[PDB]
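One chain comes next, on its own, written out as structure tokens in the form deposited in one PDB entry.
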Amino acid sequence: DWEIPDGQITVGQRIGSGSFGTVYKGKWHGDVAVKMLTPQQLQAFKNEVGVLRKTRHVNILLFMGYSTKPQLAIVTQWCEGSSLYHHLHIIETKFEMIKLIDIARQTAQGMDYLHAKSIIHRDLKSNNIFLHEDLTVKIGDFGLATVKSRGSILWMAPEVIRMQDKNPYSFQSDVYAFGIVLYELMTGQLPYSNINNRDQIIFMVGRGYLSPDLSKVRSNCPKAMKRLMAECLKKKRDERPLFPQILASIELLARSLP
């Protein structure tokens, strides 16, 4: 099994909380990430998502094992560096166009893998794309439904925001969230920056009145990159390309660049 013997993990600094559980930097055969959760949270993740079992890919965060005592936790590999969100919006890292294209290429590579294994991320955003050693993209923080009837909206597809569906999530919703990530890479900015109201952004994006300002893309951004971005951000989910097609477009772009 993947159960780490009781008392082997040293738990350190609290990193934060994602879709589910609290992340702490830890030590177990070097630096590791320790995601604390409840047995109900762990069982739901194994059923509703199942990335711990299913994924073993260079662009997906590597699961390592779990602990039962003192507290239940998922132990993954540790990413040395920062998330794409942190790089672009917190510390304003100026990446070369070649690198920005590579980050997109690597993200689309990981997404195509997940989708081929029939896994929908449901919560892809820039603080989920971890730039390990500032070179390798590692996709983590998978979406898990923790709440019922009776949050980062900038990446949500209009249909996800409208939520007139029980499960508005699809491969196409992840394509939209990737579209926003492409926007962030090519502009170095977050969409709808000129609006100071979360409710107005939610209402308008869902109703298709508001969409990212594509005129904000860098001068050195390839025409095909801006074209792919537009296709991924289509308001009609059906009009969006899937990741095998997205990947092929980036891979072709990556070589056609002088």
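Start at 1 with the first residue shown and count on from there. The term rigid core refers to the most C-alpha atoms you can superpose between the two forms while keeping them within 1.5 Å.
Colleague: In a third or more of the other compared PDB entries with flanking residues modelled, does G18 go missing?
Modeller: Affirmative; at least a third of those entries omit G18.
Colleague: Are any deposited residues left out of the model between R150 and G151, and how many (none, 1 to 3, 4 to 9, 10 or more)?
Modeller: Per the deposited record, the segment joining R150 and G151 lacks coordinates for 10 or more residues.
Colleague: Using only C-alpha atoms and the B-factors in the entry, which stretch averages higher, 92 to 100 or 120 to 128?
Modeller: Here the higher of the two C-alpha B-factor means belongs to 92 to 100.
Colleague: Out of 67 to 75 and 152 to 160, which one has CA B-factors that are higher on average in the deposited record?
Modeller: Per the deposited B-factors, the answer is 67 to 75.
Colleague: So if I compare the CA B-factors in the entry for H29, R207, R218, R198, which one is the largest?
Modeller: Of the options given, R218 has the highest CA B-factor in the PDB entry.
Colleague: Which one of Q109, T187, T146, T136 shows the biggest C-alpha B-factor in the PDB entry?
Modeller: The C-alpha B-factor peaks, among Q109, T187, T146, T136, at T146.
Colleague: Which third of the chain holds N59 when residues are ordered by C-alpha B factor: lowest, middle or highest?
Modeller: Lowest third.
Colleague: Would you mind ranking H86 by its C-alpha B-factor against the rest of the chain and naming the third, lowest, middle or highest?
Modeller: Middle third - that is where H86 ends up once the chain's C-alpha B-factors are sorted.
Colleague: Which third of the chain does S211 land in by C-alpha B-factor: lowest, middle or highest?
Modeller: Lowest third - that is where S211 ends up once the chain's C-alpha B-factors are sorted.
Colleague: If you rank every modelled residue in this chain by C-alpha B factor, which third holds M36: lowest, middle or highest?
Modeller: It falls in the middle third of the chain.
Colleague: In terms of the CA temperature factor given in the entry, to which third of its chain does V51 belong: lowest, middle or highest?
Modeller: Tercile = highest for this residue's CA B-factor.
Not pictured, yet referred to below: the form deposited in another entry.
Colleague: Please look at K46, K226, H57, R207 and say which one has a C-alpha shift reaching 2 Å or more between this form and the one not shown, core superposed.
Modeller: The one that moves 2 Å or more is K46.
Colleague: Is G110 one of the residues whose C-alpha moves 2 Å or more between this form and the one not shown after the core fit?
Modeller: No, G110 moves less than 2 Å.
Colleague: When you overlay the rigid core, is the Cα of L144 off by 2 Å or more between this form and the one not shown?
Modeller: Yes, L144 moves 2 Å or more.
Colleague: Do you see a C-alpha shift of 2 Å or more at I161 between this form and the one not shown, with the core held fixed?
Modeller: Shift of 2 Å or more: no.
Colleague: Knowing the shift is 3 Å or more, I'd like to know if the C-alpha atoms of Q106 and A145 are closer or farther apart in that other deposited form than in the shown chain.
Modeller: Result: closer.
Colleague: Distance change of 3 Å or more between the C-alpha atoms of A145 and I60 in that other deposited form: closer or farther compared with this structure?
Modeller: Here the pair is farther apart than in that other deposited form; there, closer.
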